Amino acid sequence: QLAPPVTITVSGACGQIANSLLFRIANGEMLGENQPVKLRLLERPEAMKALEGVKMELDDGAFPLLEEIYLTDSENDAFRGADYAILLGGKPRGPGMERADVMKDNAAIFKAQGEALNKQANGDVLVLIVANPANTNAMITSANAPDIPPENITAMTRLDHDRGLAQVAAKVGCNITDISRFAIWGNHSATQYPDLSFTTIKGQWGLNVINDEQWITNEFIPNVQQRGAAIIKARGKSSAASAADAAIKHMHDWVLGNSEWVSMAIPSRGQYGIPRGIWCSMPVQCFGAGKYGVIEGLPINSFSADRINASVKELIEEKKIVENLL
């Protein structure tokens, strides 16, 4: 009854996001209760002693679906035969690191990983970029993997998306499943556009707070853009558990499908006039098996076009900063 195993490479495997992510792959949640998995865990050389501890805890989960745990600091070894890749590792923005230097340092990392992905992974591999700057990191990866269809490399805006649903559910007082047709446009950043223009709350066709453009502009959109900062202020650490959760959902829907709109940062083919060659978050329907399609037919009003353009502006700017490494 079990399918043949699939292989998942995860970088940054020693981090806090991996600490939540990996158990929810090994438990069968990400890919399904009948899908055995092999983990290829990649870390920096100096973190290899700690990565052995990660393997120990995963073994100590006694997971029936986990057929193998491979540890390495070699990206070529990591991506061998990979069916799926979740790229958590990158260079974080530290105090007094210039924005362009962080973008370029990460460009070199995702250039190397794109090259390794192209050489070593399976032909149909799906790659998810979590590490920031995600959209640009995804673009750099694809530019350096000419044999991977660009659409099989996406960046995660799913946490923004889910944070938006959570704001709506709290404001309206509904269940999560009552919300339909929500989307994040643009960059995984503070310029993102959380878009309520087409959103519906089940049964609610009349007076509803999500129609209130004053609430949208002054509360909803800024609350979603700054949600990461609020959690840091409350907990003193960044939102590792919800980021891993968003990664799980992104991959699960990508592989198994989801009838609802979800957000993914995807290669722009000019949908809605979005400039080509950038990765940009859009409303998509995931049909499963790695196939998705941008939601078609949406009229974009001028308030939306303004907001989307602000995020497209930042993505173009990011691309120019790393443009000599493509």
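Start at 1 and count along the sequence shown; that's the residue number.
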* Asked: Can you tell me which stretch has the higher mean Cα B-factor, 150-158 or 112-120?
  -> 112-120
* Structure fact -> The stretch whose C-alpha atoms carry the larger average B-factor in the entry, 97-105 or 84-92, is 97-105
* Structure fact -> Among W205, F182, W254, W185, the highest C-alpha B-factor in the PDB entry belongs to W205
* Criterion, highest CA B-factor; candidates, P36, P299, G53, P283 -> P299
* Thinking about Cα B factors across the chain, which third does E219 belong to? -> middle
* Asked: By the record's CA B-factor, is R163 among the lowest, middle or highest third of residues in the chain?
  -> middle
* To do: Grab the CA temperature factor for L31 from the record and place it in the lowest, middle or highest third of its chain.
  => lowest
* Asked: Which third, lowest, middle or highest, does the CA B-factor of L66 fall in along this chain?
  -> lowest
* Chain thirds of CA B-factor: placement of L42 -> lowest
